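Scroll down for the structure; my scribbles are underneath it.
Because only heavy atoms are used, hydrogens play no part in the values below, and waters and symmetry mates are left out as well, while side chains stay in. Convention: sequence-line order gives letters A, B, ...; per-chain numbering from 1.
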Amino acid sequence: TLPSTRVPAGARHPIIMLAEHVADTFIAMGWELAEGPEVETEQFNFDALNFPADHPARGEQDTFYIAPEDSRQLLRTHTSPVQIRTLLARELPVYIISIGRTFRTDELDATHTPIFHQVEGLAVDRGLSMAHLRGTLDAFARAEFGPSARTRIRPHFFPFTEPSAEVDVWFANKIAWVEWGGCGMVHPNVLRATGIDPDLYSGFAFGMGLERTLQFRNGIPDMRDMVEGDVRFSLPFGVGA
Amino acid sequence: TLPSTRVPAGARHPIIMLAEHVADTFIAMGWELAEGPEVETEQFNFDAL
Amino acid sequence: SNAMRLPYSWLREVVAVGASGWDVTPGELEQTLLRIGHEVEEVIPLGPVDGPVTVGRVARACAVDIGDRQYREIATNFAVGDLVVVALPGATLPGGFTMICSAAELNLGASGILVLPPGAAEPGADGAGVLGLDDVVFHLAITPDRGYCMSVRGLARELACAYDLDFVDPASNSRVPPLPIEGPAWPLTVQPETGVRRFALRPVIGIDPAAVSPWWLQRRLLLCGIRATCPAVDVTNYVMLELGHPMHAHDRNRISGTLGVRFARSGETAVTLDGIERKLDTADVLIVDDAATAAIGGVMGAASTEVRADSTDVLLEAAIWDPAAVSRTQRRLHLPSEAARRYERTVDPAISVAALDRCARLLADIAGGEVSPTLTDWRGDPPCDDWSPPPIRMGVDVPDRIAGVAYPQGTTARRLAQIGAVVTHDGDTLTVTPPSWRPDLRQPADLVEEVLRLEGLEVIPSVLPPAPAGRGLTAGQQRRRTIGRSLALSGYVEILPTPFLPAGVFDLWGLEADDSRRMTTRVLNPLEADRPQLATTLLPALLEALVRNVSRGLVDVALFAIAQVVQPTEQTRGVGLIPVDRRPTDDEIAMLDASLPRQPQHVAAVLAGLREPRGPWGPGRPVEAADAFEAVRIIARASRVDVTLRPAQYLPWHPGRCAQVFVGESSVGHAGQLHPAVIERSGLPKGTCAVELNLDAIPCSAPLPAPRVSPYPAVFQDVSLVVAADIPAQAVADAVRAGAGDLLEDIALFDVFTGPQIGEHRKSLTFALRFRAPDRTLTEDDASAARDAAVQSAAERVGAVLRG
Amino acid sequence: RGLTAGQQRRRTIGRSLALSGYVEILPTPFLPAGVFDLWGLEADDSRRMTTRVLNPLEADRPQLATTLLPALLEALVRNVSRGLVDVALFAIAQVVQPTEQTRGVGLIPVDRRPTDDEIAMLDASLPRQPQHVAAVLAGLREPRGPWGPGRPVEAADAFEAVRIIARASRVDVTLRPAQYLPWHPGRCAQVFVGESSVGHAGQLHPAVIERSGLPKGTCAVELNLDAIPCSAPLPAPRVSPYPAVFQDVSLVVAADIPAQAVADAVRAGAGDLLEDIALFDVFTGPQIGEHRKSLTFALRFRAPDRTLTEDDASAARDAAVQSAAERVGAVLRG
RNA sequence: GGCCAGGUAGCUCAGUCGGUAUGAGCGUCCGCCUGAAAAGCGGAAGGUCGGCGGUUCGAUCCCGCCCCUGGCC
Ligand SMILES: CCOC(=O)[C@@H](C)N1C(=O)COc2ccccc21
Ligand SMILES: [Mg+2]
Ligand code: NA
Ligand code: NA
């Protein structure tokens, strides 16, 4: 029974491991993974996503902008510009997931972080409907919350989707419904901004935060432990693979 | 440039790695992987086929 | 702000006009609002109170008529004779407080005590009944596409849609009788380039300055978050809340000359109604006359024409301003007023006169005024008489296809009429003209959302689409996984690195002024003003996380990270807006990409303390430079490439313990021990080592080995070679391998020896060699000939001398 | 749905062993002739109850493998006999363990689907075929280099292989002294998950090594993956911002007491303030007494909501000392 | 945006409206001690008291500006 581990194992980060599990879930459904720059142009982060010119998110309040003023260059507020780039580079149909670092202005406390990671999905094909969106969301939910997981959608608003909706998740392992993310059908202005005929192709999209998903699933009290890099937060999750 | 690897890395078998690549190829298209016993009944090995 | 507050009693009242007897639980109404797309923030009841909470009349401390010829006795803003609410001894106020109460103490609103207007209630009536504490206030967050829902009119219409009720529009002319139009009310001129769509005026003459608004009006203003003031101002705020058209009252006697809508001038100021001086911009809209400025168009009125406690003649204003101009103006001077918030979300231009007439008649009723039969109604040049948007064509089954649900026949046409559109049929194509209060309905997708949200999203089935024939993970994505798995299994712990560099980190590193790592991208609005620079290297974030662990008792640490860096090649340059009505060309895309700083993906690691822990086997082993070199080899094996290490000088590394890493002939990064000065100036632990490689510079590989296993025995031999101390041991191994030829199966260094037997600044290296032929057994001479060729190769390439 | 949890676990186990220096082989299902006689197994040892092939390619090798170790040991001998004397091999495959004499099932008509009862009958007529993972080691475990002469394989390297497999499976195991051929009875651990036995590890019996022509000191491990349940933990760590207290404790016990039993007793008595415990010294000097040993553990105490005093930590240490006295007879070193 | 209240050792926090923070608990170092440890006992190291300036022979404490947390908005 003497200890024998001369080189004790490390740990991949739980957010990276969750991102890997999410990617594997969508690969198994035929989707692929795309990536893009974190410092992004305003064209792909806002303009191509049907954001109005005087939108409050384009101000200095919520978005990290690159100096000097009016540079039209910023840290991306979502991974949506990665899907715009894919829509421009790839032929149809497109089924792509984008998992990357995202930057918001919220301060760092027990339930918010300015630097977070989110997963975004984008599917554009002939005849895609809201039923296909909901089927994909439920499959995503079961893979991450268990066999008894189910989603619920309620109408909302986002500039790049119409109709738009917020997603709630029901997981029967709570320590009820929890707000998970947003979704909707790809706005036809987004398709026209990428050279796609909205009369021939329809599409859907969704987006969830990884740190948020990890917090209420595992019941992690302080999200500052997720980002500060203390060894005591990562090692309990095991080496990971 | 002095050698620094005190624990020389091993190797997974190339046949196992090929099977893994083949499996990933089909999983990426929506297929799934199933398994069964090597000692089998004649009903399932011959008669059913 | 997207906030909208109203009491349920008022909302139920408007809905009950067309649907008599309508009444639902506040929980049911909350679920209905959520189901059709209105986010409720809070459902707060009023009070509650019980026992002795009654209304009394005042006649410091004074006697209060509690009713029935009984007088109880127990500051600031109340005189003698005002009706007040008293808390008799034994009363229980929210929550647990067991006295002239205020609106805040009764949980009803926001300084002074509550003063009921004369005639609101008889002294002695039930307090909870007069205040209406059974009511419930709904706090909603309205999305920016539904400006029509910033009012009781819009939310009541939405409920009538969701419950399939008959709806009576409170802004209609059958509900707001048309006052006479016998001539102009006031001369005005409008510059059409300012975005005004409609401007209406109607005066009210001879109102009682001592009159006060009735209690039902004041109570509804309080529950909506607006403090009552005087009848002239209360009716303008009340009609804004009721119909969604903001209204403003000007003192008619303090208007000098023709009113004018005009763009402001640079440096021009305007004293607003709050008594604060505002600096104006050239892109702002103003109402002015022959003397001063009357209002900031769509934001707030000025103190020049402000209604005061003695005003008797009121000119009422009903105008439609440009939404972009109002938003651009109110955000510059930080005035998110109730009018500005509604104008920036667009206001229904068809109800301007209807809201004006409603306002004038209500003011005269409660203040005893006289409504003048004059009216000015500017509706553009040429005058606009039809405010309907362009029609929209879409197939009758388009909402069915998008939803994936076969709705009953007529569903789409019924729902689009329910929300106010004109719907005509032409075969299988509907021509839909949205109502004037729905400028968000512009194309079929907008119409689809209306049908789907009203039918309910819960009827959309969960249907997984078929799996496309995907290719899976790319070679680069797989490699990042293998690298992460390999470092973690070797004892490294992954962190998420922050992109904002610590203040003066490169000064702590002692880098030169022209070091490329200093050329950073700056953020304009960072959370920390002294950390605006984005990271050109992952090591500062890793070393920061290393300090955190060591400072908290975890002194034996090995951390790694995989993330992009930000390395600009020019000053921050943006590209102009590309039209969104088309696809950008490949030239415009390449121009967009070229304007962005280089963002390659790096892998990096830091180590400090014990590399191997102590235990029953021994005392463990402190981190050394070779551990950083081994991390490079772990990353290399994971990437399936060969690397070479060469001595180098590159801060922040120790110049005598730093390797530059090469793949082929390309430099991919550095590794080794950190400079002791950098460690001292950074508060790092002594002996800290670090690695950073550029993954994008490492090429992906797909080797196809075909080994052939020889069944013949091997020959073992060792060779000792003396070289100058500066000769890398790998260079000797390479020279031995090139000389030995194909018989050499394995070579491994197992001895490095210095001493006087060898000579100053020289060293002896002994390698274990394994020779094997593929087709025969070797003789010792066969192996020695290969060994002798290896020795001669080493003499030629690194100056080796056979050990003697 | 992608890979199952078991298919995923098999990949992770194989990656971890390979990265730890093990070389995977493909094991043959046919047992070498008389291998169980070389091992000295009893006539009633369950591993001798084998399924036999009627027409094998080698008439002396008809039986199918109930254990992966014979095929691994045969590959180890092939490597060592050809000049590769420092080797560590592993394999993941199924074994064949019948529970009765070979019994067939008559032909089911193929014009229809077999009923679920007929399917369960066909399954019950087959021998049990669970998945195993196994490994063998000999020679140098760590090679010589400019650091020193390297380190020969010892039983602790087989125990570490168990912990590599356990960490890869995300399960906790315990190791208990056992006697079980072909292992060395004084250097053999039985491996448990909870209270269920999942295999064995350690050094092989010297007599088995002699009779089988194996390298001296050969070590081995074999675990039944089917007996290791697939786990899906969801940790919720709470990082305490308060400082820790460091103390060491030295306890004297009888030599037969396992070190893990002492650590377990120390942990049970110390309570929730104990954040970490690590053994760093085992002393059997002359001041200790015959058949006894002194063990010294490094202890890390940390409170989740306050800074501790030395007395607070010493109180938890003293309760750990009393726990060890009661459970393993430990005496505080003095 | 207001007058305030906070930033102090490696960690968590006290305390002083000018010449020593005789700072605490834990963390770090040395000795007695032990085969080596720890506790215990006895010795020590370490802060430029939020930054840039102003006053003063001398400023953690008094003036001005700014950085970041909160309370109330
Ligand atoms: C993490 C919270 O952000 C979101 O969920 C929202 C704002 N969102 C994105 O950020 C990008 O992807 C989306 C796709 C469809 C609807 C909404 C989104
Ligand atoms: Mg809409
Ligand atoms: Na070295
Ligand atoms: Na030389």
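Sugar pucker of E/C49 is south, as judged by a negative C1'-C2'-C3'-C4' dihedral. In E/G64, the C1'-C2'-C3'-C4' torsion is positive, which places the sugar in the north family. Nucleotide E/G25 carries a north sugar pucker, as its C1'-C2'-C3'-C4' torsion angle is positive. Because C1'-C2'-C3'-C4' is positive for E/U69, its sugar is assigned to the north class. With respect to the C1'-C2'-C3'-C4' torsion, E/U20 shows a south sugar, the value lying on the negative side.
As judged by a 4.0 angstrom heavy-atom cut-off over every strand, D/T309 is placed among residues touching the sugar-phosphate backbone only. Among the atoms of the strands shown, none is found under 4.0 Å from any heavy atom of D/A313.
Here E/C11 sits opposite E/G25 as a true base pair, Watson-Crick or G-U wobble, both distances under 3.5 Å. Taken together, E/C13 and E/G23 constitute a Watson-Crick or G-U wobble pair, since both relevant N/O distances lie under 3.5 Å. With the cut-off at 3.5 Å for both distances, E/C52 forms no Watson-Crick or G-U wobble pair with E/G31. Nucleotides E/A14 and E/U56 fail the pairing criterion: they make neither a Watson-Crick nor a G-U wobble pair with both donor-acceptor distances under 3.5 Å. Taken together, E/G18 and E/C57 fail the test for a Watson-Crick or G-U wobble pair, since the two needed distances are not both under 3.5 Å. With both hydrogen-bonding distances under 3.5 Å, E/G10 and E/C26 qualify as a Watson-Crick or G-U wobble pair.
Taking every heavy atom of residues 316-334 of chain D and every atom of RNA chain E, pairs under 4.0 Å involve D/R317, D/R333, by number.
Summarising the geometry, the separation between CZ on D/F246 and P on E/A39 is reported as 11 Å, rounded to the nearest angstrom. Summarising the geometry, the separation between CG on D/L308 and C1' on E/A39 is reported as 15 Å, rounded to the nearest angstrom. In this entry the distance linking NZ of D/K293 with P of E/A37 reads 22 Å, nearest Å. Taking atom CG of C/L684 as the reference point, atom P of E/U28 lies 19 Å away to the nearest angstrom. The interatomic distance linking D/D248 (CG) with E/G27 (P) rounds to 12 Å, in whole Å. Between D/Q287 atom CD and E/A37 atom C1' there is a gap of 13 Å when expressed in whole angstrom units. Here the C1' atom of nucleotide E/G42 and the CD atom of D/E310 are 16 Å apart, to the nearest Å. Atoms CG (C/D530) and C1' (E/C52) sit 13 Å apart, rounded to a whole Å.
A cation-pi arrangement is absent between D/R306 and D/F301 under the rule of less than 6.0 angstrom and at most 45 degrees off the ring axis.
When the P atom is compared between E/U28 and E/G70, the two are found 33 Å apart, to the nearest whole Å. Atom name P, nucleotides E/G25 and E/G43: the rounded distance is 14 Å, in whole Å. Going from the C1' atom of E/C66 to that of E/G7 covers 14 Å, rounded to whole Å. When the P atom is compared between E/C26 and E/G40, the two are found 8 Å apart, to the nearest whole Å. Of the P atoms belonging to E/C33 and E/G19, the separation is 45 Å, rounded to the nearest Å. Spacing of P atoms, E/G71 relative to E/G23, comes out at 35 Å, to the nearest Å. Across the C1' atoms, E/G15 and E/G58 are found 22 Å apart, a figure rounded to whole Å. The gap from the P atom of E/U12 to that of E/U16 amounts to 23 Å, rounded to the nearest Å.
Between C/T329 and C/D284, the side chains place a donor N or O and an acceptor N or O closer than 3.5 Å (distance only, hydrogens not considered).
Contact annotation: the side chain of C/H139 never approaches that of C/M4 to less than 4.5 Å [non-hydrogen atoms, C-beta and beyond]. Between C/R331 and A/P56 there is a side-chain heavy-atom pair separated by less than 4.5 Å. Counting only heavy atoms from C-beta outward, the side chains of D/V266 and D/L299 approach each other to under 4.5 Å. In this structure the side chain of C/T229 reaches within 4.5 angstrom of the side chain of C/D234, judged on heavy atoms.
By the 4.0 Å N-to-carboxylate-O rule, C/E624 lies too far from C/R611 to be salt-bridged with it. A salt bridge links C/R531 to C/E544: at least one charged side-chain nitrogen sits closer than 4.0 Å to a carboxylate oxygen. Between C/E338 and C/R341, at least one side-chain N (NZ, or NE/NH1/NH2) sits under 4.0 Å from a carboxylate O, which counts as a salt bridge. Using a cutoff of 4.0 Å between basic side-chain nitrogens and carboxylate oxygens, A/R6 and C/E612 are not scored as salt-bridged. Electrostatic pairing of C/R614 and D/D281 does not count as a salt bridge here, judged by no charged N lying under 4.0 Å from a carboxylate O. Salt-bridge annotation for C/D507 and C/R681: absent, with no side-chain N of the basic residue lying under 4.0 Å from a carboxylate O of the acidic one.
E/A45 is unpaired under the Watson-Crick or G-U wobble criterion, no partner having all donor-acceptor distances under 3.5 Å. E/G71 is unpaired under the criterion used here, namely a Watson-Crick or G-U wobble arrangement in which both key atom distances are under 3.5 Å. Judged by Watson-Crick or G-U wobble contacts below 3.5 Å, the nucleotide E/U34 has no partner.
Side-chain proximity of A/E107 to the nucleotides E/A39, E/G70, E/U28 is greatest for E/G70. For D/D281, whose side chain is taken as the heavy atoms from C-beta onward, the closest listed nucleotide among E/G35, E/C26, E/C68 is E/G35.
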*Chi angles and distances behind the ring-ring contact (aromatic ring centres under 6.0 Å, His included) call for C/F500, A/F64*: CA-CA 12 Å; C/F500 295 97; A/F64 287 112; 5.6 Å; yes
*asked:* A/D106 vs A/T113, test: side chain to side chain contact (heavy atoms under 4.5 Å, CB included). Steps then yes/no.
replied: CA-CA 6 Å; A/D106 301 71; A/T113 171; over 6 Å; no
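For the consecutive pair E/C41/E/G42, the pyrimidine-type rings sit with centres less than 5.5 Å apart and planes less than 30° apart, qualifying as a stack. A stacking criterion of 5.5 Å and 30° is met by the six-membered base rings of adjacent nucleotides E/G54 and E/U55. Under a stacking criterion requiring six-membered ring centres under 5.5 Å apart and planes under 30°, the adjacent bases E/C61 and E/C62 are classed as not stacked. Both conditions of the stacking definition, centres under 5.5 Å apart and planes under 30° apart, are satisfied by the base rings of E/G15 and E/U16.
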*Reading nucleotides 1-15 of chain E 5' to 3', which nucleotides get B (base under 4.0 Å from a protein heavy atom), which S (sugar-phosphate only), which -?*
---------SBS---
Give every pair of a protein N or O atom and an N or O atom of nucleotides 44-46 of chain E that lie under 3.5 Å apart, one pair per line with the distance.
none

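For C/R332, the CZ atom counts as densely surrounded, since its 6.0 Å shell holds more than 12 non-hydrogen atoms of other residues, nucleotides or ligands.
Taking only distance into account, the side chain of D/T296 never meets the base of E/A38 through a donor-acceptor pair shorter than 3.5 Å.
Between C/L527 and C/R614, the residue whose closest nucleotide on RNA chain E is further toward the 5' end is C/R614. Mapped onto RNA chain E by nearest heavy atom, C/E528 and D/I288 fall at different nucleotides, with D/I288 at the one closer to the 5' end.
A distance-only check finds a donor-acceptor pair linking the side chain of A/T1 to the backbone of D/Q260 [under 3.5 Å].
A stacked arrangement is not assigned to D/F283 and the six-membered base ring of E/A36, the conditions of a centre distance below 5.5 Å and an interplanar angle below 30° not being jointly met.
Applying the 4.0 Å criterion to OP1 and OP2 of E/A39, one finds that D/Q247 has every side-chain N and O outside that range.
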